[PDB]
Amino acid sequence: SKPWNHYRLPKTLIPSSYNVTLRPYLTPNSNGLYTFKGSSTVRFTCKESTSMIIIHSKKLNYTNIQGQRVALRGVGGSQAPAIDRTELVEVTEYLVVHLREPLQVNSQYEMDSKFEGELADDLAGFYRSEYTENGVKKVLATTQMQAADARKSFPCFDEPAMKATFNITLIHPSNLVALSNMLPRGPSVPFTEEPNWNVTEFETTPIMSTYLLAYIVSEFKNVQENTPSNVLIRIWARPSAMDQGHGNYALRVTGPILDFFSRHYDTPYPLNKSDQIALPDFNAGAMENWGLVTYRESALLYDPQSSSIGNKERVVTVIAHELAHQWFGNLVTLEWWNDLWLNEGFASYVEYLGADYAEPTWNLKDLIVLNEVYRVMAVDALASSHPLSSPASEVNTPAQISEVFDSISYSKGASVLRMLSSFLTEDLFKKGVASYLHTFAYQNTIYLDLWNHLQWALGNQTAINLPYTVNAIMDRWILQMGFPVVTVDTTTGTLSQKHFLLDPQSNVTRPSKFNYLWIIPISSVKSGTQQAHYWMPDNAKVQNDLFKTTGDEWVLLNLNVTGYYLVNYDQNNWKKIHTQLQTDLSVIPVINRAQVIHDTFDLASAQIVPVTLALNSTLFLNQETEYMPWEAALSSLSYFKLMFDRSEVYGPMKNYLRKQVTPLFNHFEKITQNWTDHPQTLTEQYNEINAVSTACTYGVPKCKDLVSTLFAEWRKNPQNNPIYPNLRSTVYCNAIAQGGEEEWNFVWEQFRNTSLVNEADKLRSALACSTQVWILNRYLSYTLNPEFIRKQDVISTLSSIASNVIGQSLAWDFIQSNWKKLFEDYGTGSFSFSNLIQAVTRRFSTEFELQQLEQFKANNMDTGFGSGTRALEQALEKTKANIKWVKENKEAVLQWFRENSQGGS
Amino acid sequence: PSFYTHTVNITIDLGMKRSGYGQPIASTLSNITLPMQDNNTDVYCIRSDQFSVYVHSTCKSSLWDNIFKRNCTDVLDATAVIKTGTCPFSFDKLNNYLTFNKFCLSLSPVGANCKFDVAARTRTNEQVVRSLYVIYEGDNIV
Ligand SMILES: *[C@@H]1O[C@H](CO[C@@H]2O[C@@H](C)[C@@H](O)[C@@H](O)[C@@H]2O)[C@@H](O[C@@H]2O[C@H](CO)[C@@H](O[C@@H]3O[C@H](CO)[C@@H](O)[C@H](O)[C@@H]3O)[C@H](O)[C@H]2NC(C)=O)[C@H](O)[C@H]1NC(C)=O
Ligand SMILES: *[C@@H]1O[C@H](CO)[C@@H](O[C@@H]2O[C@H](CO)[C@@H](O[C@@H]3O[C@H](CO)[C@@H](O)[C@H](O)[C@@H]3O)[C@H](O)[C@H]2NC(C)=O)[C@H](O)[C@H]1NC(C)=O
Ligand SMILES: *[C@@H]1O[C@H](CO)[C@@H](O[C@@H]2O[C@H](CO)[C@@H](O)[C@H](O)[C@H]2NC(C)=O)[C@H](O)[C@H]1NC(C)=O
Ligand SMILES: *[C@@H]1O[C@H](CO)[C@@H](O[C@@H]2O[C@H](CO)[C@@H](O)[C@H](O)[C@H]2NC(C)=O)[C@H](O)[C@H]1NC(C)=O
Ligand SMILES: *[C@@H]1O[C@H](CO)[C@@H](O[C@@H]2O[C@H](CO)[C@@H](O)[C@H](O)[C@H]2NC(C)=O)[C@H](O)[C@H]1NC(C)=O
Ligand SMILES: *[C@@H]1O[C@H](CO)[C@@H](O)[C@H](O)[C@H]1NC(C)=O
């Protein structure tokens, strides 16, 4: 077809430089349509002369400079012929400039074309960001340049492959201040076009993709900061926020991380300016653009007074991920959007190391298994999950580019990176990355080049030897989704590997050459003694003597869960391991202890191991005080709680749990000096929250006393908050459940009053906890009215009401009755309608409950469920599965769980 | 008991953060103020042979934050008294002075023979906020 019809820009047009002059209107017009009108010169060389030139410009009408829309000026040797017409293909939304005259090969033609565009707040292209400060809406020009968005803002040859040096002249209102990837070449000119218009020249950027280039005109206040390396950092934030000083912590955090990254990369940051922008609302929440990084305000700014330790962790991690991106995938250009999963994965793993550098005390590396590996363990286990590798051919449309960004791409990528580092022993991996960065700087690149460099570093050093090539080991993991389960029999030493699907019965349509047989790195401990590393071949069954044990000795595998795989043991070994755990948990490493609880429960869901064995794993928790094993157990027990909350099994279950929880609660009370000396370490702080919440939920009279005292303290002098931020949520919810109407009212008043989004969110969750039926119904009615609850907030409120057990029935009825009004508002525009359907049916385990769902679906079928339609099918399937469990195994599980709980009481 | 010389007295800033069980508890980082002895603030070895050693307590309260600006209130209000099990003598800051040749108030455990122990006194419980290490004995000084 036509070259313009093709998504890809033709290679022949290569942009040497772009001079962009643009004037956004931040003043509403007579029409009221804010308009960006500017003239931009395209300085480019044609590798093959082409009469028709294709520019990626989206939805831009073209103003005519004098006689023609495009005026071309060529200076000296460079020669440019004025182009007769500008046309935009509807199918591809690309500007095509049609010139009758044949082009001159490899000559510079500068094409200055005036264009008119409309600034619309779609968070794409040239868009307007609005923030209310002191009751006044403020208009700021913003550019989203990711993928197709760059074209909308300005004509550009937009491709990761196409790289240009960008000189920007920005005409903007004088009060507002312009920003661009590069430092300003020239100061803003007050009266050059008009006194109102301020024109700021900007330096030519280092060659980069147009998507990387961004320009922002904002009213944000600035406090300039310069590093010893001379990179200028700092933040763009609203003036009241600057007075608050919330961004100061982020500024403090950025500098060491940049230096650390530079040492690992072995390359200094090319740009002398990196700007962090606190966008009031940013849908992405972070920007990967070189030089200019824009983040949502919540991610960028941390308030010491009202924000939790989890928030502090969020700020440090997000900054690190973006800083890593500047060196990786930007300096060494990413070849195409298809390689994004590698870039994101590399950045996330690197971000954890950077965060650890920033905060030495926190063991972020320990947290990685729970945060990334465990989170994608669930998604990978489902048979429907996509393979990690993404082909260049596959990614063509802008929607396809959006598809590459996904949780699996970042999280699984980080896990594979950790495994890769372990086989390469870190130093070789670091050397390979550094060499790759220097060799390929400013060149579009693929993962294979990086892999070759790591392999070369391994080749240089003979101290560490890999049986298989780095590329080969990596390929097995990247090409196919999922993880294997390795089963070892102690008596013979035999090892067996097979794919893990959480669902007992599932079909995996996707086919791989490896067929889920993977080379596995095995680290083993026998009876507390480390054994030499064994590299498992990609074969189903192998026999190794080291694994074989006799009598008392027991064997352990996957130390520290470096490998992406599940592990199983023979029943006698399982018993021995369990016995060892009761006598001493010290021999087992902490990550491994968490692994055994998590693994047994996962295996129990698939029915590989009996339900009782999973319960046996919970038995040693009485001794355990560490955060990671406890966290894994609590997450697993949530399914049990939902299924048995209304059943008779709940009473025995509560007693067993109370017994396991009490030593931990007591130990924590003793370490924290009765809850005031909150632990400094992040993992320890997280466990402090876990102990309080679990204790209150099941029995534990002491917990109730603490919650009551804390809430009473809050009610007196409500404006200042006595409660610790980490513990604020638990106290609020519990108090409302114990409390009457008066408690609910006090919280409601606070929810409306609070300016902070975070505080308002905490209050909103607490309101749902109330026991009385009438109170819950009044709350459900409040949501429909706009003044009481904002539209975005409404979906969240409904989800919390469903969570309360008394509230579940009421919420379900309200949802059926008021479906049409909600559907019009949120089914359209995809405002978490699917999430709302998912919140309901969480606790549904009975046949009668299923019947109600079917009726609602038929009744409201004509109205439609908007975005929620797919979720409705999913919710029904989940409910069916819980009842199905009762039909095959849960009826036994219900009896057994009762018996086990009774015995352990 | 005799003081050859009686001519600065330490003040223990007291940090009290409520337990949440309603029990007043002493907190870490309570600051015993040690005056500069010549060059060094942390260790004061009195030039005077004997010491007045008066104790002053300033109650400060924290909701949860490090800042101790909030004033001590109700149960949280506390006073600090120094009595030491570790030193052979009970040493409850008595006018009676026991032995000593060189008395120092090191903030460092290393190099110090015994530690004076200062305990916040609250109605619910007595909690030892800090151990003031003392390089501890001679006939010459009483
Ligand atoms: C941390 O908190 C524990 C537990 O305190 C518990 O919750 C509080 C709200 C109070 O209601 C406590 O009574 C409750 O147990 C404290 O341990 C507890 O200390 C109290 C005070 O000494 C003990 O009460 C005594 O009980 C004996 C019975 O033999 C009576 O003779 C006394 O008159 C007095 O009432 C209580 O037994 C004890 N509880 C436990 C679990 O042993 C603990 O003191 C506290 N730690 C700190 C740092 O203050
Ligand atoms: C005894 O003295 C110590 C100092 O040796 C006091 O600890 C310090 O308390 C101040 C006031 O809270 C802390 O300042 C804080 O800084 C953080 C940022 O780092 C800021 O977010 C807070 O708002 C506050 O400005 C200071 O960091 C802290 N220092 C230490 C060592 O942690 C202690 O509070 C004093 N105790 C008494 C009894 O007064
Ligand atoms: C030692 O590691 C270096 C780092 O990659 C390797 O040097 C590369 O050599 C290849 C050719 O084999 C070139 O394509 C790269 O440009 C080189 N990188 C640079 C700039 O150092 C070298 O091959 C390794 N030596 C061994 C024995 O494998
Ligand atoms: C598994 O992870 C643990 C926990 O991080 C590692 O223990 C650390 O070991 C390093 C040096 O090896 C020490 O500097 C840290 O103090 C240890 N951390 C803690 C909190 O114990 C352990 O080395 C890892 N084991 C394996 C098999 O690599
Ligand atoms: C979970 O642990 C229980 C006991 O804690 C196991 O029950 C024991 O089973 C062994 C052999 O299977 C018997 O010799 C013991 O007499 C049993 N003990 C009691 C008190 O019943 C149970 O088998 C474990 N679960 C699994 C599936 O291994
Ligand atoms: C404590 O009281 C003093 C003296 O009135 C006052 O200056 C200070 O603001 C109070 N601290 C707080 C925040 O309660």
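Rules and cut-offs
Residues numbered from 1 in each chain as written, not as in the entry; some residues may be left out. Chains lettered and ligands numbered in written order. Heavy atoms only, no water. Domains from an automatic or database assignment. Pairing = 2+ DSSP bridges. Helix = DSSP H or I, 4+ residues; strand = E, 2+ residues; numbered from the N terminus. Axes fitted to C-alpha atoms, helices over the stretch in contact; angles between N-to-C directions. Near = heavy atom within 4 Å. Polar contact = N/O pair within 3.5 Å; in protein donor to acceptor, adjacent residues only side chain to side chain. Areas by Shrake-Rupley, 256 points an atom, 1.4 Å probe, with all protein chains shown as cover. Nonpolar A, V, L, I, M, F, W, Y, C, P; charged D, E, K, R; others polar. Buried < 20%, exposed > 50% of the residue type's maximum accessible area, 1.4 Å probe, protein only. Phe/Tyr/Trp six-rings, centres within 6.5 Å; stacked < 30°, edge-to-face > 60°. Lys NZ or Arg CZ within 6 Å of the ring centre and 35° of its normal. UniProt positions renumbered as here; feature names shortened; annotations may be inferred. 1 Å grid on protein atoms, 1.4 Å probe; cavity = no way out; pocket = protein on both sides within 12 Å on 5 of 7 lines; lining within 4 Å. Contact = heavy atoms within 4.5 Å.

Going by the annotation in the PDB entry, the name recorded for chain B is Spike glycoprotein, with TGEV virulent Purdue given as the source organism. Anyone opening this PDB entry will find it titled "The structure of TGEV RBD and dog APN complex".

With the PDB entry as reference, chain A is termed Aminopeptidase N, source organism Canis lupus familiaris.

Q: What is the right way to look at the domain arrangement of chain A in this model?
A: How big an interface is tends to be reported as the loss of accessible area on association of its parts. Split by domain assignment, chain A resolves into domain 1 (1-219), domain 2 (221-330), domain 3 (338-479), domain 4 (484-624), domain 5 (700-771) and domain 6 (773-905). Taking only C-alpha atoms into account, the centre of domain 1 of chain A sits 58 Å from that of domain 4 of chain A.

Q: Could you clarify how one ought to interpret the sheet that holds strand β7 (residues 114-121) of chain B in this entry?
A: Where strands meet in a sheet, backbone hydrogen bonds hold them as pairs that are either parallel or antiparallel. Residues and elements named next belong to chain B. Strand order in the open sheet formed by three strands is β6-β7-β8, with antiparallel pairing between adjacent strands. Looking at strand neighbours, the two that pair on one side only are β6 (79-82) and β8 (126-134), the edges of this open sheet. Direction aside, neighbouring strands of the sheet carry axes that sit 25° apart on average. Bridge count between β6 and β7: four bridges; the pairing is antiparallel.

Q: Please explain the site of ligand 3 as it appears in this structure.
A: All names here are of chain A. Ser435, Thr439, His453, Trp456, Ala457, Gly459 and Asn460 make up every residue found near ligand 3. One nitrogen or oxygen atom from the side chain of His453 is found 3.0 Å from an oxygen atom belonging to ligand 3. A distance of 3.1 Å separates an oxygen atom of ligand 3 from a polar atom in the backbone of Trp456. Burial of ligand 3 by the protein amounts to 46% of the accessible area it has alone, namely 570 Å². Elements supplying a minimum of two residues to the shell around ligand 3: α10 (427-439) and α11 (447-460). Here the residues of the shell around ligand 3 are counted per class, giving two nonpolar, five polar and no charged.

Q: Got a minute to help me understand the pairing of strand β10 (residues 165-173) of chain A in this structure?
A: For a regular strand, side chains alternate in direction, first toward one face of the sheet and then toward the other. All names here are of chain A. By the criterion of burial, β10 is predominantly enclosed, with eight of the nine residues buried. The pairing of strand β1 (residues 13-24) with β10 spans six bridges and is classified as parallel. When the sheet's bridge partners are listed, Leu22 is paired in β10 with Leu170. Summarising the sheet, β10 and strand β12 (residues 197-201) pair through five bridges and their orientation is antiparallel. Among the inter-strand pairings, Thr169 is bridged to a residue of β12, identified as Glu201.

Q: Mind showing me how you'd approach the sheet that holds strand β23 (residues 524-526) of chain A here?
A: The strand order across the open sheet formed by three strands is β24-β23-β27 (chain A), and the pairing between neighbours is antiparallel. In this open sheet, the two strands that pair with only one neighbour each are β24 (529-530) and β27 (555-557) of chain A.

Q: What am I meant to see in the site of ligand 5 here?
A: Residues and elements named next belong to chain A. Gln571, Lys575, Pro610, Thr612, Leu613 and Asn616 make up every residue found near ligand 5. Take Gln571: an N or O atom from its side chain is 3.1 Å from an oxygen atom of ligand 5. Between ligand 5 and the protein, one listed contact pairs an oxygen atom with a side-chain N or O atom of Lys575 at 3.1 Å. The protein chains hide 34% of the 570 Å² of surface that ligand 5 would expose on its own. Those elements giving two or more residues to the shell around ligand 5 turn out to be α13 (571-583) and α15 (611-619). The greatest single-element share of the shell around ligand 5, amounting to three residues, is contributed by α15. Of the residues in the shell around ligand 5, the class split is two nonpolar, three polar and one charged.

Q: It is not clear to me how the packing of aromatic side chains should be interpreted in this structure. Could you clarify?
A: Two numbers describe a pair of aromatic rings. These are the distance of the centres and the angle of the planes. Residue and element names in this part refer to chain A. As enumerated under the stated definition, the model contains 82 aromatic pairs over all chains in all. Between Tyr516 and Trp518, the aromatic rings sit 6.3 Å apart at their centres with planes inclined by 40°, giving tilted as the arrangement. Each member of the pair, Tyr516 as well as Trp518, is classed as buried. Counting every residue linked through ring pairs, the aromatic cluster contains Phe260, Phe261, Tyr265, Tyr269, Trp327, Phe328, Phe346, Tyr349, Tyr357, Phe429, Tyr436 and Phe440. Lying across the ring of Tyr34, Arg128 places its NZ or CZ 3.9 Å from the centre.

Q: Help me out: how do you make sense of the UniProt feature "binding site: Zn(2+)" in chain A in this one?
A: All names here are of chain A. UniProt marks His321, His325 and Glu344 with the feature "binding site: Zn(2+)", using the numbering shown here. The greatest C-alpha distance among the annotated residues, which extend across 24 residues, is 8.2 Å, indicating that they converge on a single site. In the annotation above, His325 and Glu344 are the residues that line the second largest cavity. Contact partners of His321, with chain neighbours within four places excluded, come to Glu344, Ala347, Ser348 and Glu351. Examined against the element boundaries, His325 turns out to sit in helix α5 (residues 309-327). For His325, the contacting residues outside a window of four places in its chain are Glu288, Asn330, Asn343, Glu344 and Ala347.

Q: When you look at the pairing of strand β20 (residues 484-488) of chain A in this model, what are you seeing that I'm missing?
A: Residue and element names in this part refer to chain A. The element β20 is extensively covered by neighbouring structure, given that four of its five residues are classed as buried. Pairing analysis gives five bridges linking β20 to strand β21 (residues 494-499), with the strands arranged antiparallel. Directly across from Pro484, in β21, lies its bridge partner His499. Counted between consecutive antiparallel strands, the loop separating β20 from β21 contains five residues, among which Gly493 sits at a positive phi close to 85°. In the sheet, β20 pairs with strand β28 (residues 566-569) via four bridges, with the strands oriented parallel. Of the residues in β28, the one forming a bridge with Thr487 is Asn568.

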